[PDB]
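Before any questions on binding or motion, here is one chain by itself as structure tokens, the form deposited in one PDB entry.
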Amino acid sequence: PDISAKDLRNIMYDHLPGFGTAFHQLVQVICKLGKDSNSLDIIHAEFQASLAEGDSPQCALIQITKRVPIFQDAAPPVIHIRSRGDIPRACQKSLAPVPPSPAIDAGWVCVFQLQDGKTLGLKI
């Protein structure tokens, strides 16, 4: 790819406010699935265009989830953690009960699964 997953992640991070936000996590999800589906260059191009159009970087990421085929009805990744405390502070107000068939394109970034089995969905 013209761009690596790490470099794309860093370009997206360059534009995002704060640290450990729902959108940082979304960047990670996007770069993972994009690397796996060989979509890194299309993702990069779409991100660039969205920024040029005047979109917020957050909106650009969302639009990526809506336009890039790998994200269509794609299940959010499950992230195993010890306790809710392992969830970044800036994500703590973005947690919600997990529905039966969550989809990334619908704003379900990931699902945090606690050791005790309880789940929390990261929602935008």
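We number the residues from 1 along the sequence you see.
| field | Which of 19 to 27 and 112 to 120 has higher mean CA B factor, as the PDB entry lists it | value | According to the PDB entry, the answer is 112 to 120.
| query | For the stretches 59 to 67 and 36 to 44, which has the higher mean C-alpha B-factor as given in the deposited record? | reply | It is 36 to 44.
| field | Ranked C-alpha temperature factor of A75 among modelled chain residues, by third | value | Highest third of the chain for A75's C-alpha B-factor.
| field | Third of the chain's Cα B-factor distribution that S83 belongs to, per the entry | value | According to the entry, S83 has a C-alpha B-factor in the chain's highest third.
| Hey, what third does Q92 fall into on Cα B-factor, ranked over its chain? | Its C-alpha B-factor, which the entry lists for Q92, ranks in the highest third among residues of this chain.
Omitted here: the form deposited with a small molecule bound. The next part is about that form.
| Any of the heavy atoms of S94 lying within 4.5 Å of the small molecule in the entry with it bound? | Outside the cut-off, so no.
| field | Contact of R67 with the small molecule in the entry with it bound (heavy atom, 4.5 Å) | value | Flag for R67 set to no.
| task | Answer yes if any heavy atom of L120 is within 4.5 Å of a heavy atom of the small molecule in the entry with it bound; otherwise answer no. | result | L120: no contact with the small molecule in the entry with it bound.
| query | So in the entry with it bound, does any heavy atom of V29 sit within 4.5 Å of the small molecule? | reply | Yes, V29 is a contact residue.
| So in the entry with it bound, are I11, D41 and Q48 all sitting within 4.5 Å of the small molecule, heavy atoms only? | Checked in the entry with it bound: no contact with the small molecule for any of the three.
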